[PDB]
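Residues 21 to 279, 308 to 728, 736 to 1156 in the authors' numbering are what the sequence shown spells out, letter by letter.
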Amino acid sequence: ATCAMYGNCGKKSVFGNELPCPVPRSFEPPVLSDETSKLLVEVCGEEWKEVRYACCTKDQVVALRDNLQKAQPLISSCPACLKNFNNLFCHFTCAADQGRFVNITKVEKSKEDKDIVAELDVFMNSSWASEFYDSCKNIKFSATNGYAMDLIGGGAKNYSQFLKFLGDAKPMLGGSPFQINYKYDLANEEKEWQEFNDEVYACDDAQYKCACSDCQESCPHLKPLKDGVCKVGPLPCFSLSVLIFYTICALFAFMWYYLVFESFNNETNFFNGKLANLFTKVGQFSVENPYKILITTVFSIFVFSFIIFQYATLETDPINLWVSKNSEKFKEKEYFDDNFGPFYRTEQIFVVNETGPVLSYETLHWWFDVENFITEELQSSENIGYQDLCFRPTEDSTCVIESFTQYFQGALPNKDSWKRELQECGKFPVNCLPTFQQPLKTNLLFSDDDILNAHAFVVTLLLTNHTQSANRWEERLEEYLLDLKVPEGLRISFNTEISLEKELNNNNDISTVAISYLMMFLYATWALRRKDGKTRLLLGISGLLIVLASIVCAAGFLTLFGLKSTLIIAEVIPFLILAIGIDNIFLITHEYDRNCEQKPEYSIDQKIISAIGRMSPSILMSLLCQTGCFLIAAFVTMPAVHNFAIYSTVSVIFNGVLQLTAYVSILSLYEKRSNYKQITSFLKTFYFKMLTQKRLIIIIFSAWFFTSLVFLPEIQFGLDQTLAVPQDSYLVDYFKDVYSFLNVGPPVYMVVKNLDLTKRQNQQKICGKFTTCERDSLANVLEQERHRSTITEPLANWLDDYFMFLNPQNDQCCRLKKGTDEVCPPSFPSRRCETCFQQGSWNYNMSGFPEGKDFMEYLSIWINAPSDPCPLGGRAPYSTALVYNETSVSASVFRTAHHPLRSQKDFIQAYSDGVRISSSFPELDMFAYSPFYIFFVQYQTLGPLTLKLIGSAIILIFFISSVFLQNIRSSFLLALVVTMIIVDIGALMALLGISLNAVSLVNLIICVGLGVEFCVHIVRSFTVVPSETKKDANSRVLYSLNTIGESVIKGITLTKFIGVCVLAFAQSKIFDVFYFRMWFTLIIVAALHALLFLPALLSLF
Ligand SMILES: CCCCCCCCCCCCCCCCCCCC(=O)O[C@H](COC(=O)CCCCCCCCCCCCCC)COP(=O)(O)OCCN
Ligand SMILES: CC(C)[C@@H](C)/C=C\[C@@H](C)[C@H]1CC[C@H]2C3=CC=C4C[C@@H](O)CC[C@]4(C)[C@H]3CC[C@]12C
Ligand SMILES: CC(C)[C@@H](C)/C=C\[C@@H](C)[C@H]1CC[C@H]2C3=CC=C4C[C@@H](O)CC[C@]4(C)[C@H]3CC[C@]12C
Ligand SMILES: *[C@@H]1O[C@H](CO)[C@@H](O[C@@H]2O[C@H](CO)[C@@H](O)[C@H](O)[C@H]2NC(C)=O)[C@H](O)[C@H]1NC(C)=O
Ligand SMILES: *[C@@H]1O[C@H](CO)[C@@H](O[C@@H]2O[C@H](CO)[C@@H](O)[C@H](O)[C@H]2NC(C)=O)[C@H](O)[C@H]1NC(C)=O
Ligand SMILES: *[C@@H]1O[C@H](CO)[C@@H](O[C@@H]2O[C@H](CO)[C@@H](O)[C@H](O)[C@H]2NC(C)=O)[C@H](O)[C@H]1NC(C)=O
Ligand SMILES: *[C@@H]1O[C@H](CO)[C@@H](O[C@@H]2O[C@H](CO)[C@@H](O)[C@H](O)[C@H]2NC(C)=O)[C@H](O)[C@H]1NC(C)=O
């Protein structure tokens, strides 16, 4: 055939490889000999079997073979890439029709006085080259963790750049002895020179499959798109749905513009009758025996009061009061703790120079003198320094101190060039390895990657000691940083492990609790003052003592069962019971007071029973409504607020019993002792005149409800940390510092359980660096989630490292004494030990990889490798990432990490990313564990839950009210207004700035309970009226507001207003945001609906 190159004619110059000898195209080389053909087929491939007029010689082919092994090990990972290299070079020399696409631009005279090619030109197009570049575009150099394109192609980004390096003449570097140029353009209208072409193989090519890490095409691009989770259009989807609903409703209204209860009442009527008889029975006993009942109450308080002091008055800690012990995210933590040890105990310290760079020699000199002090010679009260508690990657290794000081091995740098040294270490961490041999990324050590201009740098200390000794040192560290003096202009914010626990139980704001009672006491006397003008001080005091006695009795009774109340939640209860407890006091006394001027025939004792009997149903409903709502709220599994419901349910039942059996007896004596003479409009006539505009009132409020109904989807989620801890604390500074001066997120450990990892089938679902690994393997899937999910850090796959550790290429990694299975000790420097796997036994397609028993035999060697000579030694990094018993690997951990997570919207989102991915592997028995997952487990289903609980409460009210009221058309109206209030509160919940948590969920669940109190009294009076009042609706509602309106304004509304008004002045910001705003807004809204909407609504019921 036409050969443009055949044979060699000596070296161009001294110490130079022999160059090819140019020959004319017409010249016909001799047919390939048997000896030559044998080498060509094996070196290049089977395609050269049939070639006859090959343009190569024995010395020419071997020369190419010698140089191929220079690069073959560097691209052997991708079989497709390897094939292309061989074909390009093999056809570049031995192609039969070489002259078709090969031209010799220039020639030179060799030392042997023989012409030798100096410049070579080859004709192709940008199709073979373009595909060839694509195949090796993404190949990764595992050893350096960088692209092999950097070395082989000089980091070429385009095919021209890559092939330019290949065609460059670098004989000294082993490159092409003579310059080679590529001619992509080839017109050849005369059909003289034909273009270069052959069979290309991409990474995805089935025959020559390639791993995902070496090419994206073979990687699981089949990612099911996830979307439609936020909204549609510029507004929430729900809002649009409701808005269109109104429009269609208006159209129906526009179209129309042109134009048994009594059967069951028999049992229900008798049901209330039996209720009155029983209640009247209690009244007579409690009034006729004001000593046997009063005395036992005092004694009962002592028994419960003593129990609190003696048996238990304890509290809890964050993990025991914000995460349920039955949730999956907690049962998974216990598994992780038992096997892979509890997570470390961080001590992050931030050094901040807001408004300027922080890194200066005086600052660096100052810090180095205190970082060493903390981690070397601090010592707790028991003399246990950091070195006795630090985290050591192995038996012997310097303590892990993730700080920028470790770049200099902990020694002060010289002032002459300290700036330059740090920049180089930060840019290339591997060079400046710390004392414990672990590179420190600049993101984990500075606020940004510029370092020099960084505003703050982080200093993380890790403790692997989980005994009480570690707690004492942390207390010493906290007391050492608070009293530490910093240079002018800086600022230190830190957080030990015990800081949060110590700071939640530190806002002893009990002072405000006393004031609220005292403020309520002042009002209580005024509210209960005799209509004549006399003030009954004893009744007001007796009312408060009953409330306090209920809490004391409730705590004692529940202390026996072992419940513990947190300090933060133990301060709300006094406010809550005061708000609701005193509410019944005014009614019972007010009804008796009304009976003072009427029915004068009855004596003091007789009148009392009448008041109790008359109000028996109204009060009882306020109890069943104030007890069912709390019990409903107990369905929240967070122990801090689950105990809040239970501690409040018993603090109202006991109060209810006390107010019916104890307080009445006090009234039996105080009134009897007084024996007052028989007791015989402004700002009121104006009322009931504004209510004449019934139709207008409904329109305004109905518009308010519908408007508030579209803003619900804007309610935020999450409980901010800075609220929980007291203000003016050292944790609020830290939390504001993590959200701004941190660049590394929490780690996530993708635990895997009950996997053989000794069978080729199972090993293929984890590996992600070998061609035959399953596409949907763990390493492969997580690789793609990096660009789509919150888990965006490289996976520390131990299995991949274990296999590569056996690579015969790395002779220093796996070594065995010849003829024996004993691992060759590192001391032996001679060639008395061979690699564990022979050259022909280790292939990238996992051909002869360890299997069955062999897998565990070599796992012991890898896990115990020194790691010093071979960087892939797994002892240091994966010492505690495996759980094995020399027969199988019980469990393993693949570490990853999220991105900084600069808010509570990221914390919730990050949690679902760890739960979604862990559910994408139906075969693997896997779960993802990050330290913060347990705390954010409620937000996964808080949306559906807050509708079931609040929705279930409203249905409950419609049922108990229906029985007690006996009038369905009235109970439904009551439920329609309570649900109206909640939706309005839900909208204002978003506007004000409150979030939806377990704390806010229970507050909103008990809002219906409070909301029913305002409205139930009006409905009850309206439903049942004296014969004198007209049976028409308009007069009946007017009558009710004139008989019970006064009590509602004073007893029901103003009482709660004073109870919660003082709660605004609270040291802890959690009380103000969640307990005050929610309850203060409820009173305003409920006081409007109950007193302006419910009257108007009932008029035209
Ligand atoms: C006669 C007695 C029996 C009557 C029948 C039962 C009545 C039950 C009424 C329940 C009222 C619930 C009020 C909840 C207020 C707080 C809501 C907080 C936010 C919330 O639930 O989630 C957002 C919106 O939810 C949503 O889906 C928003 C819609 C919530 C319901 C809207 C009001 C329902 C009707 C009220 C009147 C009933 C009259 C009864 C006479 C989520 O937002 P996202 O979708 O972006 O988040 C997707 C991720 N989770
Ligand atoms: C510096 C090296 C390590 C970089 C470039 C990577 C791979 C090297 C080994 C590759 C890249 C291009 C290759 C190359 C270019 C061209 C020729 C001319 C041909 O007639 C014989 C093979 C030969 C001589 C090979 C030898 C191996 C080379 C030089
Ligand atoms: C009912 C009260 C006692 C609750 C709301 C107050 C505080 C505790 C129980 C809870 C509420 C929110 C929790 C919380 C919020 C967010 C974070 C950030 C995360 O990276 C670590 C856990 C951490 C730091 C935890 C710690 C425990 C907290 C602060
Ligand atoms: C914090 O950063 C500033 C910014 O350079 C350091 O220097 C100050 O720079 C501002 C702005 O030029 C000047 O107004 C101050 O007078 C500088 N103060 C100095 C030089 O002490 C500052 O030193 C840094 N704080 C430290 C190192 O503690
Ligand atoms: C955590 O640190 C403590 C304190 O050093 C260790 O407790 C010591 O254990 C040794 C056992 O040889 C005793 O001799 C000491 O008296 C203990 N000291 C104290 C203060 O109790 C504990 O062993 C460490 N735990 C771990 C898991 O390393
Ligand atoms: C993985 O690749 C190796 C290497 O090719 C295969 O083992 C044999 O390799 C020799 C030399 O290349 C071939 O002549 C043999 O034909 C190969 N064996 C077979 C069965 O073809 C090994 O087979 C490959 N394994 C898989 C699963 O493809
Ligand atoms: C080593 O530990 C593993 C734990 O992963 C044991 O796993 C066995 O797994 C099989 C298959 O699921 C079960 O039928 C066995 O009951 C498991 N063993 C036990 C003890 O539960 C494995 O058996 C252990 N082997 C040795 C020699 O201890």
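Ideal Cβ placement from N, Cα and C applies to all residues, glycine included.
| Asked | Found |
| --- | --- |
| Cβ contact check for the segment 243-260 and the segment 142-161: 3 or more pairs under 8 Å | no |
| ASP831 - DSSP class collapsed to helix/strand/coil | coil |
| Ranges of the beta strand (DSSP E) found wholly within the segment 36-80, counting only runs of at least 3 | 38-40 |
| Per DSSP, the bridge partner or partners of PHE398 | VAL506, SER541 |
| Heavy atom of ligand 3 within 7 Å of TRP1134 beta-carbon | no |
| Residue nearest to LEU342 in terms of C-alpha spacing, selected from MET745, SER261, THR709 | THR709 |
| Short Cβ contact (8 Å threshold) for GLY823 with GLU840 | no |
| Heavy atom of ligand 5 within 7 Å of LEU437 beta-carbon | yes |
| Rounded Cβ spacing between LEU460 and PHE416 (contact assumed at less than 8 Å) | 5 Å |
| Boundaries (first-last residue) of the alpha helix (DSSP H) holding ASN104 | 99-114 |
| Beta-bridge pairing of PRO977 - partner residues as DSSP gives them | Looking at the DSSP assignment, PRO977 forms no beta bridge with any residue, so it has no partner. |
| Exposure of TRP853, with buried meaning 16 or more beta-carbon neighbours within 10 Å | buried |
| Nearest-angstrom Cα separation, counted from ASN556 out to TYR785 | 17 Å |
| Three CB pairs or more closer than 8 Å across the segment 894-902 and the segment 912-932 | no |
| Reduced DSSP secondary structure (H/G/I, E/B, other) of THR344 | helix |
| Boundaries (first-last residue) of the alpha helix (DSSP H) holding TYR711 | 711-722 |
| Within 8 Å, strictly: CB atoms of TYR73 and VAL51 | yes |
| Separation of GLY253 from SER590, as counted between CA atoms | 60 Å |
| CB-CB length for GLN454 against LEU509, believed under 8 Å | That pair is no contact at about 11 Å. |
| Contact check, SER451 vs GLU424, beta carbons under 8 Å | no |
| Alpha-carbon spacing of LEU260 relative to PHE378, whole angstroms | 39 Å |
| Under the three-state DSSP convention, the category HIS514 falls into | coil |
| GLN358 burial status per 10 Å Cβ neighbour count (16 or more: buried) | exposed |
| With 16 other Cβ atoms within 10 Å as the buried cut-off, status of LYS131 | exposed |
| Helix, strand or coil at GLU906 according to DSSP, with G and I counted as helix | coil |
| Closer than 7 Å: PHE678 CB and nearest ligand 1 heavy atom | no |
| Residues that DSSP places opposite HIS953 in a beta bridge | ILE846 |
| Spatial neighbours of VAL400 in its chain, beta-carbon cut-off 6 Å, leaving aside the 5 residues before and after | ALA504, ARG539 |
| Ligand 4 heavy atom lying under 7 Å from the CB of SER541 | no |
| Cβ neighbours of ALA1008 in the same chain (closer than 7 Å, five flanking residues each side left out) | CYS677, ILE680, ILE1060, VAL1063 |
| Local Cβ density within 10 Å of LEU1046, reported as buried at 16 or more and exposed below that | exposed |
| Limits of the beta strand (DSSP E) - the one that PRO622 falls within | First-last for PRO622: 615-629, but that is the alpha helix (DSSP H), not the beta strand (DSSP E). |
| Nearest neighbour of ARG870, chosen from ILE1125, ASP856, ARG886 [CA to CA] | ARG886 |
| Selection from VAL351, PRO768, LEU586 that minimises the alpha carbon distance to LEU255 | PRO768 |
| Pair within 8 Å by beta-carbon distance, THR813 and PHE910 | yes |
| Span of the beta strand (DSSP E), counted from its first residue to its last, around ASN123 | 122-129 |
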